[PDB]
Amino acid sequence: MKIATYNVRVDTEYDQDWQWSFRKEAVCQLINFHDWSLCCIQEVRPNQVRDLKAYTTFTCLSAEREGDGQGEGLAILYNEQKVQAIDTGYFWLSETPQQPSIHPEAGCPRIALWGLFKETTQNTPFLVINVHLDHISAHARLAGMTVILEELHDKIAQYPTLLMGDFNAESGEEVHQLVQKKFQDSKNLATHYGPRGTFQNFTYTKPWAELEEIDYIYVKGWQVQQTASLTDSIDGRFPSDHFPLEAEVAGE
């Protein structure tokens, strides 16, 4: 099974001539071309979610962080011919996960979006967790991931799990040590194609050694066949300020 995570960059006027309106075709065409079983998406306001539904071939599960359906959100895109969603949910990375709220350490509401899926050919379900941790501090990231791991503790224990997304943390941070108690970083498990880092800040000529390694695909209960960071471009620009990160996995 091919899976991916892609932070598509929130629609913001700060990007000027490279805000979402100008990037949407390139982002959606990239998704359609790579054609994974499923893709976790970060940084989508409602208009971006609408565009993903309209311009990609995927079914779209989504949720947003404000609660009023108007805020920045997460999505899980999936192909129903390849995987079926049998349960889904989301919660806030806070001391009150069921309500729109902010962790004491965090700078804004953050959510996790998850889905329980089954591959068409397989009979046993697996869990997908879409990660986007706070950028404000390492303490905020550790705290947010702690909520994910506690809130979904039962599901993670029960099912093979794909923990995927933008950790906003380089490999040495405490949050990775916590995650690695139960998960393995897929990109160290097999052959990796492309740069090990994923964030280029929209700089087409960014040296690979200068990429930030902040997006991850963590696995529990999976064999990893290969991973890749995808450097697709659109005439001298990147469709997002992150590269998509993909993995090929097989159930145990």
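All residue numbers refer to positions in the sequence shown, first residue = 1.
(request) Select between 121-129 and 160-168 the stretch whose C-alpha atoms have the higher average B-factor in the entry. (result) According to the PDB entry, the answer is 121-129.
(request) Can you let me know which of the two, 100-108 or 146-154, has the higher average C-alpha B-factor in the entry? (result) It is 100-108 that shows the higher mean C-alpha B-factor.
(request) Among the candidates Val219, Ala190, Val27, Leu211, give the one with the maximum CA B-factor reported in the record. (result) Spelled out: the listed residue with the top C-alpha B-factor is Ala190.
(request) Could you say whether, by C-alpha temperature factor, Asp185 belongs to the lowest, middle or highest third of its chain? (result) It falls in the middle third of the chain.
(request) For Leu74, return the chain-relative third of its C-alpha B-factor as stated in the PDB record: lowest, middle or highest. (result) Tercile = lowest for this residue's CA B-factor.
(message) Based on the deposited C-alpha B factors for this chain, I'd like to know if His34 is in the lowest, middle or highest third.
(response) Lowest third, going by the recorded CA B-factors of the chain.
(request) Sorting the chain's modelled residues by C-alpha B-factor, tell me whether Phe243 ends up in the lowest, middle or highest third. (result) It belongs to the lowest third of the chain when residues are ordered by C-alpha B-factor.
(message) Quick check for you: using the entry's CA B-factors within this chain, is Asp235 in the lowest, middle or highest third?
(response) Within its chain, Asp235 is a lowest-third residue by C-alpha B-factor, going by the deposited values.
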